[PDB]
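Student: A single structure is presented below for examination.
When we count neighbours, we look across all protein chains shown, and the Cβ atoms used for this are built from the backbone with ideal geometry, even at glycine. Each value in this text was obtained by applying a stated rule to the coordinates, not by laboratory testing.
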Amino acid sequence: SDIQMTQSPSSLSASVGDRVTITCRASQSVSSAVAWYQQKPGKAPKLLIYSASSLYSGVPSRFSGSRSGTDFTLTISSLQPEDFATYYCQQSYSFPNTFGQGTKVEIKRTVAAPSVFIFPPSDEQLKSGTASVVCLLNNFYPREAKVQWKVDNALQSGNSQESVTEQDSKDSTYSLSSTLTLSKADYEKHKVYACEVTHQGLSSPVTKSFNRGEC
Amino acid sequence: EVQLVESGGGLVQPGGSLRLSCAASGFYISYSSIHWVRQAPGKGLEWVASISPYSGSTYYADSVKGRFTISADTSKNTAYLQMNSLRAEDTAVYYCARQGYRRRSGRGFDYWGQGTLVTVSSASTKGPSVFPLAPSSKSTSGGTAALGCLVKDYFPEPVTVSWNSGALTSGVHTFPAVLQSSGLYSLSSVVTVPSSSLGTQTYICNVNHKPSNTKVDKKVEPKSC
RNA sequence: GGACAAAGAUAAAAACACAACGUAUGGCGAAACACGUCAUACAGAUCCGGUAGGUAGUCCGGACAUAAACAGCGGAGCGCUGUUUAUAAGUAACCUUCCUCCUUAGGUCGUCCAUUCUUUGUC
Ligand SMILES: Nc1ccc2cc3ccc(N)cc3nc2c1
Ligand SMILES: [Mg+2]
Ligand SMILES: [Mg+2]
Ligand SMILES: [Mg+2]
């Protein structure tokens, strides 16, 4: 039977100087054969802790590791701006090796309302034979937001794809784009298209809409 | 001084074979365990395979058992991962890692490569079709409007987007590409500009897709009335 | 006094040779497994009877314990249970008694200790 490593929490929000703890629970004994790593987006992981308590050469002291039974914790005594990354735990007691699902450490910030814009399909795209309508939610925090597309005030499901940016270096906010892809004919069968955003910063749903064939 | 460089990734069709290499420098692979770990785009690390020192013992994960072979060539100081009968789920960045000395670093992986991308897909290289996202015809909210381009139906990655030939770099968000049901990628790049400039200033996005040899400059302007 | 006899108490006591693979755990070797090396442990010298009175780590016989092979049971592999076999060569070799034409053998009888003192019966 393979060993499972369950990492909690999947995502954590904290500020510079915070003490952070991430835990990993093993389905069976793994003794002390546990390691932790830090992967910054687009970069290879870097070894942080080995043998589940030992600090790897050259790693900052603030990072520590503790073992209680089959539970292992990684602790940063005081966060620094360079310490915001995804963190992984790994067991190496028995093959096959297994990794934790990861924990992303993000900057904590003021609740920020999204600025919402709606872009109608371009004429070149309708000449190409497809229609895409793009909603943009700009500079908002936290990353938890919802977009409800409405064609002629009719809710649409399964035709919308979303994409979110990594937290900004300066504003520490996330931006989201939602794209609704409809057939050119279907885009030409409906007169009203709206984007409804429900976010914590938004006291009420904020909707930005256009009509088919209007300026 | 210690370095690992993976190579040999790329795009392969489902059911096809690929062979990854991990060239080492600053150490001899015979005295260490070598591991291959893959990371699917937007997903976590997944251990793939390992080779032990002085025995050649090979260990694999269930997801790859029977289809992957890990080997080592000491004279070329290089590890290898042979993948046969590949499928879309194998698409990932593959790192090779050195396992550290047990006395110094336990069983942790102390050095990794930059990774190499493996894309399993039947899609053919397509040049991106860049469309224009017009700034709001109505007055913008906040006094700054948003104008963007849509780089849609391009394979494979990556694309590069500049604005005004790179003169406009502040406030631009290029979104991560999303794979659509077609198997082709799509993304959008948007910029916020002062609304006073929308009629006075012309905004162009420059999209480059080197794999297809595609350079496009698309002008985004407000629409009629 | 001495002799024979029985019954007691006491003491004694087996030659030569006794091997060689390997397994497990842990440490170390640039070392999760394999490999090499070192340390430690295991690798029937348990119990009983007999062997014309006695002496067995090695006999003969049996039991038990432990290991291997085979059979059965439960959820190919894995774990147990039951049976068989094994646990040196060797009670081989030499010497020796008897028997058998397995006779250039096979079996079998021996190889060691049995001292000292006490009581009684009859000469
Ligand atoms: N070599 C031998 C031969 C026969 C033996 C017979 C014995 C009978 C009883 C005992 N206690 C020890 C014995 N030892 C013997 C040693
Ligand atoms: Mg006896
Ligand atoms: Mg003796
Ligand atoms: Mg015998």
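Student: Out of B:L11, B:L198, B:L20, any idea which swings most in a Gaussian network model of chain B, alpha carbons joined below 10 Å?
Tutor: Of the options given, B:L198 has the highest mean-square fluctuation.
Student: Averaging sequence separations of C-alpha pairs under 8 Å and six or more residues apart, then dividing by the length of chain B, give the relative contact order as a whole percent. All intermediate terms of the calculation are to be shown ahead of the outcome.
Tutor: Numbers: 531 pairs, mean separation 39.9, N = 225.
It comes to 18 percent, rounded to a whole number.
Student: To the nearest 0.05, how large is the calculated FRET efficiency for A:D2 and B:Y101 if R₀ is 30 Å and r is the Cβ-Cβ distance? Don't jump to the answer; show the numbers that get you there.
Tutor: On the way: r = 26 Å, r/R0 = 0.87.
That pair, A:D2 with B:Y101, gives E of 0.70.
Student: Using each residue's phi in the stretch B:160-167, evaluate 6.51 cos²θ - 1.76 cosθ + 1.60 at θ = phi - 60° and report the 3J(HN,Hα) Karplus result to the nearest Hz, with x for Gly and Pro.
Tutor: Those phi angles translate into 10, 10, 10, 10, 6, 6, x, 5 Hz.
Student: Could you put A:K127, A:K104, A:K43 in order, starting from the residue whose Cβ has the fewest other Cβ atoms within 10 Å?
Tutor: On the way: A:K127 9, A:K104 17, A:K43 12.
Starting with the residue having the fewest Cβ neighbours, the order is A:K127, A:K43, A:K104.
Student: Where does the stretch B:3-120 land on the Kirkwood hydrodynamic radius, alpha-carbon pairs, in angstrom? The partial results should precede the final answer.
Tutor: Working: mean 1/r = 0.0705 Å⁻¹.
About 14.2 Å for the stretch B:3-120.
Student: Compute the relative contact order of chain A as a whole-number percentage, counting only Cα pairs closer than 8 Å that sit 6 or more residues apart in sequence. Numbers along the way, then the final one.
Tutor: Values: 506 pairs, mean separation 38.7, N = 215.
Relative contact order here is 18 percent.
Student: Taking Rh as the Kirkwood radius, which is the inverse of the mean 1/r over Cα pairs, what is the Rg/Rh value for the protein assembly as shown?
Tutor: Details: Rg = 24.5 Å, Rh = 24.2 Å.
Over the Cα atoms of the protein assembly as shown, Rg/Rh equals 1.02.
Student: Right, here's the next one. For A:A85, enumerate residues with amide H under 5 Å from its amide H, sequence gap 5+ or separate chain, H modeled in the peptide plane.
Tutor: So A:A85 has HN proximity to A:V105.
Student: Taking one equal scatterer on every alpha-carbon of the stretch B:129-220, how large is log10 of I(q)/I(0) by Debye at q = 0.12, 0.18 1/Å?
Tutor: -0.37, -0.77
Student: Non-local amide H neighbours of A:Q200 (under 5 Å, H modeled in plane, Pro and chain starts lacking H): which ones?
Tutor: none
Student: Within the stretch B:64-90, name every residue whose backbone N is under 18 Å away from a label modeled 7 Å from Cα of B:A23 along the Cβ vector.
Tutor: B:71-82
Student: A:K189: which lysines have alpha carbons under 24 Å from its alpha carbon, excluding same-chain residues fewer than 8 sequence positions away?
Tutor: Here the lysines satisfying the reach criterion relative to A:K189 are A:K127, A:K150, A:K208, B:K138, B:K152, B:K223.
Student: Quote the charge dipole size of chain A about the Cα centre in Debye, to the nearest 20; the model charges only the Cβ of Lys and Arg (+1) and of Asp and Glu (-1). Could the numbers behind the result be given before it?
Tutor: Numbers: 20 positive and 18 negative charges, 56 e Å.
Dipole of chain A, to the nearest 20 debye: 260 debye.
Student: Which whole-Hz couplings ³J(HN,Hα) result when phi for each residue of the stretch B:88-94 is put into the Karplus expression 6.51 cos²θ - 1.76 cosθ + 1.60, θ = phi - 60°, listed in order with x for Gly and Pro?
Tutor: Result, ordered by residue: 4, 5, 8, 5, 5, 8, 9 Hz.
Student: Here is a further query. Give me a single rounded figure for B:104-117: the average over its residues of other chain Cβ atoms within 10 Å of their Cβ. Before the final figure, lay out each step's value.
Tutor: Numbers: counts 4, 7, 13, 11, 15, 10, 6, 3, 7, 1, 3, 4, 0, 0.
Whole-number average of other-chain Cβ neighbours for B:104-117 is 6.
Student: To the nearest whole number, what is the average tally of beta carbon atoms from other chains within 10 Å of the beta carbons of peptide A:155-165? Intermediate values should be presented prior to the final figure.
Tutor: Numbers: counts 0, 0, 0, 0, 0, 0, 5, 2, 7, 2, 4.
The per-residue average across the peptide is 2.
Student: Using +1 at the Cβ of each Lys and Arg and -1 at the Cβ of each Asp and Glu in the stretch B:42-182, identify which of B:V159, B:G127, B:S55 lies farthest towards the dipole's positive end.
Tutor: The listed residue farthest towards the positive side: B:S55.
Student: If you don't mind, there's one more thing I want to ask. Per the helix-only calculation at 222 nm, which mean residue ellipticity applies to chain A, given -39500 (n - 2.57) for every DSSP H run of n ≥ 4 and division by its residues, nearest 500 deg cm²/dmol? List each step's numbers first, then the result.
Tutor: Values: 2 runs with 10 residues, N = 215.
Rounded to the nearest 500, the figure is -1000 deg cm²/dmol.
Student: Let me see the pair-distance distribution of the stretch A:1-103: every alpha carbon pair, 10 Å bin width, integer percents in order.
Tutor: 16, 52, 28, 4, 0
Student: Determine, for each peptide in B:33-43, A:4-14, B:92-102, the mean count of other beta carbons within 10 angstrom over its residues, then list the peptides with the highest first.
Tutor: On the way: B:33-43: 19.3, A:4-14: 14.8, B:92-102: 22.4.
Highest mean packing first, the order is B:92-102, B:33-43, A:4-14.
Student: Stick to Cα atoms and the Kirkwood definition of Rh, then tell me Rg/Rh for chain B. Walk me through the numbers before you get to the answer.
Tutor: Working: Rg = 23.1 Å, Rh = 20.4 Å.
Answer for chain B: 1.13.
Student: Give the Rg (one decimal place) followed by the Dmax (whole number) of the stretch B:77-135, computed from C-alpha coordinates and expressed in Å.
Tutor: So, for the stretch B:77-135, Rg and Dmax equal 19.1, 62 Å respectively.
Student: At a Förster radius of 25 Å, what calculated FRET efficiency corresponds to the Cβ-Cβ distance of A:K170 and B:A167, to the nearest 0.05? Numbers along the way, then the final one.
Tutor: Working: r = 20 Å, r/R0 = 0.80.
Efficiency, rounded to the nearest 0.05: 0.80.
Student: Report the extension gain between A:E82 and A:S11 in nm, rounded to one decimal, defined as 0.36 nm multiplied by the number of residues separating them, less their alpha carbon distance. Numbers along the way, then the final one.
Tutor: Working: separation 71, 0.36 × 71 = 25.56 nm, distance 1.72 nm.
Extra length available between A:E82 and A:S11 comes to 23.8 nm.
Student: Once the piece of chain linking A:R67 and A:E188 is laid out straight, how much longer is it, given 0.36 nm per residue of separation minus the C-alpha distance between them? Before the final figure, lay out each step's value.
Tutor: On the way: separation 121, 0.36 × 121 = 43.56 nm, distance 6.19 nm.
The A:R67-A:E188 span can extend by a further 37.4 nm.
Student: How large is the helix-only mean residue ellipticity at 222 nm for chain B, computed as the sum of -39500 (n - 2.57) over DSSP H runs with n ≥ 4, divided by its residue count, in deg cm²/dmol to the nearest 500?
Tutor: Taking each H run of at least 4 residues, the total per residue is -500 deg cm²/dmol.
Student: Considering only DSSP beta bridges with both partners in the stretch B:3-120, what is the antiparallel share in %, to the nearest 5?
Tutor: Values: 38 of 41 bridges.
Around 95 percent antiparallel, to the nearest 5.
Student: Full extension from A:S163 to A:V59: what is 0.36 nm times the residue separation minus their Cα-Cα distance, to one decimal in nm? Provide the component values of the computation, followed by the final result.
Tutor: Working: separation 104, 0.36 × 104 = 37.44 nm, distance 3.40 nm.
Extending this stretch completely gives an extra 34.0 nm.
Student: Would you mind getting me the FRET efficiency between A:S203 and B:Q13? Use the beta-carbon distance for r and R0 = 56 Å, nearest 0.05. Could the numbers behind the result be given before it?
Tutor: Working: r = 52 Å, r/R0 = 0.93.
For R0 = 56 Å, the calculated efficiency reads 0.60.
Student: Against the globular-protein guess of 2.2 N^0.38 Å, express the Cα radius of gyration of chain A as a ratio, rounded to two decimals.
Tutor: On the way: Rg = 22.8 Å, N = 215, 2.2 N^0.38 = 16.9 Å.
This ratio for chain A stands at 1.35.
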